[PDB]
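Trainee:
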Amino acid sequence: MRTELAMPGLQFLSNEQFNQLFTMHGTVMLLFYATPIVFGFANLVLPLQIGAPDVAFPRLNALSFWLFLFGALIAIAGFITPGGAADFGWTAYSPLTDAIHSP
Amino acid sequence: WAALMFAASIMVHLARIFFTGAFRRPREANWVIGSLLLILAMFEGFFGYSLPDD
Amino acid sequence: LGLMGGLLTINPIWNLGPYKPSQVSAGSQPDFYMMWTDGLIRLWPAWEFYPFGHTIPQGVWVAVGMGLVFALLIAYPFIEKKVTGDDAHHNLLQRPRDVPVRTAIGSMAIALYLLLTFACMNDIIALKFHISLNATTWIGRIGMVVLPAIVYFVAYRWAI
Amino acid sequence: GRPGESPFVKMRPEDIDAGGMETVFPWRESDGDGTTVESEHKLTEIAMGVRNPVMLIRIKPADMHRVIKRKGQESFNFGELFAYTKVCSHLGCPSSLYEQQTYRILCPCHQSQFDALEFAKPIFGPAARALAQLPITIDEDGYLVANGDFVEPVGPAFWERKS
Amino acid sequence: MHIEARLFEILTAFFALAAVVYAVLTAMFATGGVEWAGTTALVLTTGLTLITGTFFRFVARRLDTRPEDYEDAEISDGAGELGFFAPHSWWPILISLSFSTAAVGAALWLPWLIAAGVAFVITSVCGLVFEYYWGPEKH
Amino acid sequence: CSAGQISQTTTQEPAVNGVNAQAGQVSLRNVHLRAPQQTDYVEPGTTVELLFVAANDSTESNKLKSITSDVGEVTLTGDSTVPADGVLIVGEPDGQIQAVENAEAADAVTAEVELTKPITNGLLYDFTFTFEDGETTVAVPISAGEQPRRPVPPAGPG
Amino acid sequence: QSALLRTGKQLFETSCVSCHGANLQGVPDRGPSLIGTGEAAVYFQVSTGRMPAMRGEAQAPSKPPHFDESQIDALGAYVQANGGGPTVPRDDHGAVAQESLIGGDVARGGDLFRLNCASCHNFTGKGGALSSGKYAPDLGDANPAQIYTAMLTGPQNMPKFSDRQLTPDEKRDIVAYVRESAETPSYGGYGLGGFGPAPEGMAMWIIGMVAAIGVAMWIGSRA
Amino acid sequence: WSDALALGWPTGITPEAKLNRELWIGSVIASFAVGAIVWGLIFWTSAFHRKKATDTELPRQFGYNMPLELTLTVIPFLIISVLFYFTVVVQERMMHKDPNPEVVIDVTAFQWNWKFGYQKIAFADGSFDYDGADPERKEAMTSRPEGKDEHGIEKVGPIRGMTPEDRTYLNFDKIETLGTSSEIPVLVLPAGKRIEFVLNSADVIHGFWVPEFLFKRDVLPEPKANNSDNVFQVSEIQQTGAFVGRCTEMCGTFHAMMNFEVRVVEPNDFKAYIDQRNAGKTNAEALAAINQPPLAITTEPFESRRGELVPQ
Amino acid sequence: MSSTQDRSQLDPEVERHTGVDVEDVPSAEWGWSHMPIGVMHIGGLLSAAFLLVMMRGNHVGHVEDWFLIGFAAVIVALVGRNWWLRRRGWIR
Ligand SMILES: CCCCCCCCCCCCCCCC(=O)O[C@H](COC(=O)CCCCCCC[C@@H](C)CCCCCCCCC)COP(=O)(O)O[C@H]1[C@H](O)[C@H](O)[C@H](O)[C@@H](O)[C@@H]1O
Ligand SMILES: CCCCCCCCCCCCCCCC(=O)O[C@H](COC(=O)CCCCCCC[C@@H](C)CCCCCCCCC)COP(=O)(O)O[C@H]1[C@H](O)[C@H](O)[C@H](O)[C@@H](O)[C@@H]1O
Ligand SMILES: CCCCCCCC/C=C\CCCCCCCC(=O)OC[C@H](COP(=O)(O)OCCN)OC(=O)CCCCCCCCCCCCCCC
Ligand code: HEC
Ligand code: HEM
Ligand SMILES: CCCCCCCCCCCCCCCC(=O)OC[C@H](C)OC(=O)CCCCCCCC[C@@H](C)CCCCCCCC
Ligand SMILES: *C(=O)CCCCCCCCCCCCCCC
Ligand code: FES
Ligand SMILES: [Cu+2]
Ligand SMILES: [Cu+2]
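Residue numbers (the deposited numbering), protein chains in the order written: chain A, 62 to 164; chain B, 111 to 164; chain C, 272 to 431; chain D, 259 to 421; chain E, 1 to 139; chain F, 24 to 83, 85 to 182; chain G, 72 to 294; chain H, 27 to 338; chain I, 1 to 13, 22 to 100.
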């Protein structure tokens, strides 16, 4: 997105390819890097910081990581599809998201 | 369906024997004839579902 | 087998009209056991040789591939004994984890077989799971040398 | 698709329209309708001919300028009509799938695409030889007729080929 | 668990106040009356925190002061038998994979891959739950 | 990345028989010839009609449509200077609806050509459409608008 | 009709002039010109919903229609008046014909389907894959008018079947076969989609083989 | 100094924009003061390095300064309260909703371009007996007597008896300045008059921004049904000339291609333009007739080509 | 407690004195555990060569060739890293 925006023209990106980029950049950074890494740090030191040996449900927190990983991957999987990832921004506003728009 | 299960179970049996080493020194000829059997089953199903001109 | 013969439809030849050379469908797959041969046909990259006034079509490539597959499968125990050196009379099996190299090789071979089997189904995979047909073909082409190696390494380390 | 009687009917260029594909067969006047017993065997032979079926494609006049032509196949096309063998050059399945506005003849058996705009050369998939191009023209009354025979063997390749 | 319950009690008080004020100021002084989305969300997050705080308060009254809650509590006071914390298990990854196969089946509207992902999820959840209860094989 | 700068859907011509000639300020769309042929050729001396739609691209106009003639002596009956950010519809392609009981300037600029040369369906015949802005060869096709199949004689086996 | 033309124009001006420029001329590299496409093309495309299209990609996917039958007719009439071209079939009353398009012969329709349609769609009208991100969609959603108009106007990478190429009787037979194959119950159990080898092999490996392996694990003893 | 300190705010062209810009200048002044003091604190405590002279003695280790906490938690409250009071008084002039607008523009914003209707014009000085078009608004009530079933269903419609594809909320007008992909629309407005904008969207939510108005509003599909005050007024527009306008939301692929113009001309120029548009003429023709450039001068149409490296 | 320890005497027959050791593969004596590193290096190099060679084909596409180049490059990079590290004694 930054390389494309350097020059006024559409040098190497299409309109919808760019739209997919900020959609996935916004969500990946928030929902697949920011929100899953607070629990990455929590799992890292929170039991240590309260003196506990482990988390309350240590098989559950294992499931949480794998749900994060595989849930994240299938969102990224939009790219491999011919259409691409989600056009609508990270916010994914209603009318633009329905089957009519961004099908 | 029996043909499909025949092929699938031959494949699973081959996996079992190969991974558990049920072929070395003795039973190596058994593995050989089993491989021939798997190939024959493959081509048998090939001719089978090809039998009704479709 | 009877339950599945009842409840699940297999080969609706009535739907599949009579053979005519001019007619064809989009699926065009063989049963899952020949699906790996068909996938090899699909994935192999259209390499044809033309000797002096002759042609060597891409079919020979897949034919030789099948020949090699069957030869290796038939001759594995002798290949394994030549490589390792063990001709001892073995009556006790060994857990697949206890033989990392052989379980790794078997995992690699199963990965290649699955890759070919799904390459044969790339048409329906592309149709249902929205992935371009060229993308599926080239995923198979690259994987059939990448995926076996990845699965070999992963299986070896997993066994250890 | 008429069940048995007059299965093959003469054809005219006007029948197809730009971006149209029609499967055609080599019908002779002697191979009349299937009413007679003598006929309906010639017609069955025509239908069952492995190398018989051809696909006639009406190249859009706008895209007619993108057409490249093969050696000795430059005059084969009749105006904007191109007749290519349906049998895929690799293992002989029909290449019946046709994509207009892309001009790609796709084969379902092993996903090989041939660029109909150019001589039907394979631009993807296992196929390595272009589909044979049938010379076509119009006789008296305007009916489409082959202007000759394929200048190469049409089915899938084999050892004794390219000479 | 006095502080643990009081945290949620404070959250409940604040969220109830927010829901009430939002409902009032949206019923009047809004373009189209009550918003009915923010109002419901605020009411039921008040309900979330209220349920949690009520359970925590019940437990606080049911349990005597734990060493954890007790200032000046020695380590030996809490020293004892901690309960069962699940050791290594490979069922969580299978549950995640099954739920991912149901999720892709929902995304790409494939009833067959939804049906199988759900079967897959049932199987893996059963495996996880029965992991430490499957008695020895009886032959 | 089928959605990139080169995508299949965007770069598609209309699924119509008429060709498109964007050269020049005025763009020619669905330009074809209504020349119903009863035999191999449409013999010279018969009048066939020239359908197309001339759409103006710029509002600053190119409404002249001077000659647009080629081999065949194309004549524009009821000629008018229509294109001003709009469409000039020379004829009535099969299926065309008049859209009103009355009409403007009688025929809507019908273009008709006395062949002076055989033509047949499937061939492309060059026409030089020349507006005051410029001239462009279009290579017009022959289109059978909505006529059904002409009954071919039944075949006698031999 | 005057008011129908006006309504079609108003819908066009606030729906598609950004990619099928006003005057129906196509926007270079955004959409083709609609001159000559006709009313049938508009009906099929908008009714299937493809046309309120919000991306340029390998193929325009289907979607819920953005217009009701009256607005579809208005847009089709507008496009037909501007360009002039194929018209959607209609019944005696005037509504788009649905049952009238069911050809009497189904064997002939199936033969024609296999020769022309199954080439890419399927043996029985399930979907098919195409070169680069394209695909022939399943026909089970399409109604007889939609199938007929799809043949009449090659929507996208689909050959355009004129009435001369496929006489309306042949198209009616093909429509009858499509609807019959779509609405016909699978004899012999659950047809796993419509593709034989691949869904059948997966169902074997998942249903039959897991059953067999689980039963073997029940009977035998782990060691 | 004001322009530099406004952080790239275009000097407003309407009193609402002027007042909003003044509020922005004040807010930026306050924010920069707070930032300066806090950054000074940070760069000062960065001077409390671990001096080598610090022997085996740790710092005061104080923490928990309740009076200081109270001071620094009451002062920010007062600061934000002053900001909130200024914000409320400024927001009061966000839509005064004057019941006597001088020109009403029906701003329809469809998929990737604009359309301006000129719903009504009524100059306070006395002129412009003009109105919009009540016809052309056709509903989609699917009130068929019977549906697929035999009887009883008598379905009226999904929502309030109407199908989702209704477009009755969309209002139409006689003078429509529709914007084509190759011809950027230019809504021409009279200078010095009260201009109301009735905002609507044909297909999808998107935005309407005139950077020189220092104000934007989200054109919603059905604002009245969504409980949205789409309509908004501008008391005046002093400066004349052409001002670019963007779409300030997400619309779809060609979201960056929705640029339009607002051309503020003199009231007499607007008289001539509206008369010559009532006479059959396009927007460019009317602009040329009133002797003003026809094409959007602040923004050229975007190349419909998907990009630079596309082979034409 | 309800488990009995296992005594196993499997017939053995390379003698494992060279190659891999139990510290690296605990069950070295129980089965084939060592693949010569040369085999894997040459296999990776030939896989990269095959990926590069697939660029030569009847495809007008170019992202395919670029994907082949990338995958071959990473394969060659891994093989080179492994070979260099083992040459230097697993350093850096
Ligand atoms: C364990 C043994 C039991 C085996 C299952 C046996 C189930 C018996 C079902 C009852 C008797 C047979 C019903 C036959 C009537 C019938 O056929 O069933 C269709 C449904 O079909 C679907 O959608 C699927 C719905 C989802 C439920 C079934 C899913 C079961 C799968 C998961 C089993 C295989 C395992 C694969 C594992 C996958 C995971 C792999 C890792 C329903 O009609 P419809 O939906 O409209 O079909 C469309 C035409 O209309 C339309 O034209 C046409 O164009 C199509 O669109 C067509 O779908
Ligand atoms: C068994 C599966 C595992 C395989 C393991 C091997 C892993 C290596 C994968 C290699 C990936 C190779 C991708 C490249 C392939 C390639 O070269 O094709 C391209 C399409 O690029 C792409 O999307 C690349 C997508 C790559 C994503 C790969 C995802 C891996 C998944 C499959 C892994 C999950 C496996 C699940 C296991 C299930 C277990 C089952 C038990 C271009 O086609 P096209 O579409 O025609 O593009 C035209 C423009 O070029 C042109 O400008 C423009 O004008 C247009 O014409 C445009 O169409
Ligand atoms: C981290 C890297 C980051 C790289 C990220 C770059 C992403 C940008 C890609 C596509 C943007 C949309 C444009 C879509 C159109 C393409 C642009 C173009 O036109 O570029 C000129 C020619 C083709 O000419 P053509 O007219 O397309 O026609 C042709 C036949 N007719 O290609 C060229 O030389 C230049 C190459 C163009 C793209 C190749 C990219 C493929 C994969 C790169 C490496 C994968 C690594 C895998 C690692 C394991
Ligand atoms: C880019 C967004 C887009 C918009 C929005 C859009 N179109 Fe199109 N239109 C296309 C493209 C691309 C094609 C050709 C490829 C395709 O149809 O998939 C096309 C083709 C068509 C066709 C078929 C042309 C043919 O030759 O078969 C019709 C009919 C049509 N458009 C009408 C409409 C109508 C009516 C609307 C508004 C209700 C509309 N379009 C909105 C882009 C669009
Ligand atoms: C040995 C392993 C065998 C395999 C793998 C196999 C496989 C198959 C398959 C898959 C079919 C297709 C059925 C269909 O499409 O409906 C088939 C058909 C058939 N098989 Fe076999 N078969 C085997 C053995 C046999 C035997 C021993 C006989 C005779 C005793 C036999 C007789 C037939 C016949 C007559 C058909 C034709 C049925 C039809 O056209 O529907 N097969 N076979
Ligand atoms: C060697 C093996 C290891 C990899 C080595 C380093 C691998 C490093 C890989 C650099 C890749 C560079 C790409 C450059 C793009 C290009 O120029 O061509 C543009 C093309 C036209 O655009 C596309 O078509 C799609 C491009 C997007 C790719 C989506 C892939 C998403 C993956 C998901 C489906 C999840 C899969 C699970 C994957 C699970 C793995 C998780 C890490
Ligand atoms: C069309 O099919 C897709 C268009 C998307 C083009 C832009 C892709 C951005 C890069 C995504 C990164 C994927 C993960 C990389 C793994 C190393
Ligand atoms: S049969 Fe045509 S590509 Fe193989
Ligand atoms: Cu916008
Ligand atoms: Cu918008």
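Virtual Cβ for every residue (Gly too), placed ideally from N, Cα, C.
Let me know if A67 of chain A comes out buried or exposed under the rule of 16 or more other beta-carbons within 10 Å of its beta-carbon.
Mentor: Classification of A67 of chain A: exposed, given that the 10 Å Cβ count is below 16.
Trainee: Is the beta carbon of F340 of chain D closer than 8 Å to that of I317 of chain D?
Mentor: In this structure, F340 of chain D lies closer than 8 Å to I317 of chain D by Cβ.
Trainee: Is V71 of chain I near ligand 2 - that is, is its Cβ less than 7 Å away from at least one heavy atom of it?
Mentor: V71 of chain I Cβ: within cutoff of ligand 2.
Trainee: For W138 of chain H, is the beta carbon positioned less than 7 Å from some heavy atom of ligand 10?
Mentor: Under cutoff, so the answer is yes.
Trainee: Along the stretch 399 to 410 of chain C, where does the CB come closer than 9 Å to a CB of chain E? Name the residues.
Mentor: Taking 9 Å as the Cβ-Cβ cut-off against chain E, the residues of the stretch 399 to 410 of chain C that qualify are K399, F400 and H401.
Trainee: Output needed for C367 of chain D: all residues of its chain with C-beta closer than 6 Å, excluding positions within five of it in sequence on either side, in chain order.
Mentor: Correct list, in chain order: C351.
Trainee: Can you tell me which residues form a DSSP beta bridge with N139 of chain H?
Mentor: Partner(s): H:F136.
Trainee: With DSSP collapsed to three states, give me the class of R66 of chain E.
Mentor: DSSP places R66 of chain E in coil when its eight states are reduced to three.
Trainee: If you follow the beta strand (DSSP E) that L56 of chain F is part of, which residue opens it and which one closes it?
Mentor: It spans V49 to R57 - the beta strand (DSSP E) in which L56 of chain F sits, taken as one unbroken run.
Trainee: Ordered along the chain, which non-local residues of its own chain (more than five positions away) have a Cβ less than 6 Å from that of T220 of chain G?
Mentor: Correct list, in chain order: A111, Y114, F115 and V159.
Trainee: Residue range of the beta strand (DSSP E) that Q217 of chain G falls in?
Mentor: Premise fails: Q217 of chain G lies in the alpha helix (DSSP H), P215 to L223, not in any beta strand (DSSP E).
Trainee: Whose C-alpha, out of E:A102, E:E68, E:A73 and E:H139, is nearest the C-alpha of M1 of chain E?
Mentor: With distances taken between Cα atoms, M1 of chain E lies closest to E:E68.
Trainee: For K197 of chain G, count neighbouring C-beta atoms within 10 Å of its own C-beta (all shown protein chains included) and say buried if the count is 16 or more, exposed if not.
Mentor: When all chains shown are included, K197 of chain G counts as buried.
Trainee: What residue range is occupied by the uninterrupted beta strand (DSSP E) comprising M279 of chain D?
Mentor: Note, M279 of chain D: beta strand (DSSP E), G278 to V282.
Trainee: Please classify residue 84 of chain F: is it buried, with 16 or more other beta-carbons within 10 angstroms of its beta-carbon, or exposed?
Mentor: Chain F lacks coordinates between 83 and 85, the interval that contains residue 84 of chain F.
Trainee: Is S353 of chain D helix, strand or coil by DSSP?
Mentor: Coil, per DSSP.
Trainee: Please classify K78 of chain H as buried or exposed, where buried requires at least 16 other C-beta atoms within 10 Å of its C-beta.
Mentor: Result: exposed.
Trainee: Straight-line CA distance for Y401 of chain D to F266 of chain D?
Mentor: Spanning the two alpha carbons is a distance of roughly 13 Å.
Trainee: Under three-state DSSP, which class holds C126 of chain E?
Mentor: If DSSP states are grouped into helix, strand and coil, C126 of chain E belongs with the helices.
Trainee: Excluding the five sequence neighbours on either side, which residues of its own chain have a C-beta within less than 7 Å of the C-beta of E241 of chain G, listed in chain order?
Mentor: The answer, listed in chain order, is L183.
Trainee: Who sits around ligand 5, taking every residue whose Cβ is closer than 6 Å to one of its heavy atoms?
Mentor: My final list is B:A113, B:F116, B:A151, B:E154, B:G155, B:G158, B:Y159, B:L161, B:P162 and C:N282.
Trainee: Answer yes or no: does any C-beta atom of chain C fall closer than 8 Å to that of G97 of chain I?
Mentor: Answer no: the Cβ-Cβ gap between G97 of chain I and chain C never drops below 8 Å.
Trainee: Please classify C188 of chain G as buried or exposed, where buried requires at least 16 neighbouring CB atoms within 10 angstroms.
Mentor: Buried, by the Cβ-count rule.
Trainee: Measure the C-alpha to C-alpha separation of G38 of chain E and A200 of chain G and round it to an integer number of angstroms.
Mentor: Approximately 45 Å, taken between the alpha carbons.
Trainee: Please list, following the chain, all residues that have a C-beta closer than 7 Å to any non-hydrogen atom of ligand 8.
Mentor: Checking every Cβ against the heavy atoms of ligand 8 under 7 Å gives C:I312, D:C346, D:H348, D:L349, D:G350, D:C351, D:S353, D:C365, D:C367, D:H368, D:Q369, D:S370, D:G383, D:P384 and D:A385.
Trainee: Which residues share a DSSP beta bridge with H232 of chain H?
Mentor: For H232 of chain H, which the question treats as bridged, DSSP gives the partners H:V245.
Trainee: Can you tell me which of C:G411, C:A430 and C:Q300 puts its alpha carbon nearest to the alpha carbon of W315 of chain C?
Mentor: Of the listed residues, the one whose Cα sits closest to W315 of chain C is C:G411.
Trainee: When you compare each of F:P172, F:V162, F:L74 and F:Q45 to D131 of chain F by their alpha carbons, which one comes out closest?
Mentor: With distances taken between Cα atoms, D131 of chain F lies closest to F:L74.
Trainee: Do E238 of chain H and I63 of chain H come within 8 Å of each other at the CB atom, strictly closer than that value?
Mentor: Contact: no.
Trainee: If you scan the stretch 257 to 314 of chain H from start to end, which runs of the beta strand (DSSP E) of 3 or more residues do you find wholly inside it?
Mentor: Runs of the beta strand (DSSP E) inside the stretch 257 to 314 of chain H: 258 to 260, 267 to 271 and 286 to 291.
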